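We begin with a single chain expressed as structure tokens, specifically the form deposited in one PDB entry.
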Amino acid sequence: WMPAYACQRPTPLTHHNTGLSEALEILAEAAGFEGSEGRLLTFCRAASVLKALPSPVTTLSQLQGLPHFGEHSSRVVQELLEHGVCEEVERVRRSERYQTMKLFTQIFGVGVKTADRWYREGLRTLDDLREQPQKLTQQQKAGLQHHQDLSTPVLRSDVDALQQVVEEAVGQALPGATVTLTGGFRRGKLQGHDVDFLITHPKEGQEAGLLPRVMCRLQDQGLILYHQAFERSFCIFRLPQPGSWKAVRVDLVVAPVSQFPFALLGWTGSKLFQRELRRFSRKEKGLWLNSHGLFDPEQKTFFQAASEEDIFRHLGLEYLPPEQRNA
């Protein structure tokens, strides 16, 4: 019954199997740290399947037939049901390698490959990295400098204040341009690690050159701690707070209005939902999906979409609102 792709089923923000899904997601993260994206994907998919179930899993029987559950994922759930812990998960959680790779990869500018090299070189703490600034890109230096603030969850009050200052800079740069909140907050999350905004203009072509003008205006008002023709900017903002300020990660994306439904769909996520949707598009429908469009490679044409709904329909999928894309 349960469809195999995450884009074929609603996944709400609040679900009934958090304990099991979190354990599988530890194994997925660990698989990524060891360089097996395939195992990561399977463990992520299996966790997502549990998020889409209508009720708590209490019996191994209830896993029968579910997609992406084989011997390994089923054994993990079995142990959790019988004993409340899975030895493999606990061994991973308590391992120095897992703990350090999680610490390093959570830095803005550091991924698995970089963290692994630092691990192999003996480094273990943020202080170790600060001790060796020559080994850091400018992006990594900013990530490390603002790490404490960037580890603090971004809340809705932060989003509203940020949207206001982004709208003001955007309006100064180009009358009639619009700002749309995307990412997890658009899916209904109450917190996030960053805020995502999608910027366009109703007249095709007027948005050319917009993002540099927006960034200059934000930087002139003292709002930019880090950034850097371009159409995406992964920034750190200096967000005013009562009597002070805190650093907040902000992503800005500019798209022409012809691409806006594709950009909105891509940037609203979740990350697993969108990878699954792009996989479905290519493997099941023979069409190539990205944040710019949906391409038929045999006719060499792009699908004209006015809404996210149009895209789902052209893929033969029942429409899912953003709050049901929490795969």
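Heads up, when I say rigid core I mean the largest set of C-alphas that superpose within 1.5 Å between the two forms. Counting begins at 1, following the sequence as shown.
Unmodelled residues of the deposited sequence between neighbouring positions residue 228 and residue 229 number 10 or more. The stretch 80-88 shows the higher mean C-alpha B-factor when 80-88 is compared against 230-238 in the entry.
Higher mean CA temperature factor, per the PDB entry, when comparing 147-155 with 250-258: 147-155. Highest C-alpha temperature factor among 178, 182, 138, 114, as the PDB entry reports it: 138.
Among 121, 194, 207, 167, the highest C-alpha B-factor in the deposited entry belongs to 121. Sorting the modelled residues of the chain by their CA temperature factor places residue 129 in the highest third. Per the PDB record, residue ranking by Cα B-factor puts residue 266 in the lowest third of the chain. When the modelled residues of the chain are ordered by C-alpha B-factor, residue 293 sits in the lowest third. Sorting the modelled residues of the chain by their CA temperature factor places residue 311 in the lowest third. Among the modelled residues of its chain, residue 17 has a C-alpha B-factor that falls in the highest third according to the deposited record.
Although not depicted, the form deposited in another entry is the subject of the following passage.
Only 220, out of 90, 251, 220, 128, shows a C-alpha shift of 2 Å or more between the shown form and the other one on alignment of the rigid core.
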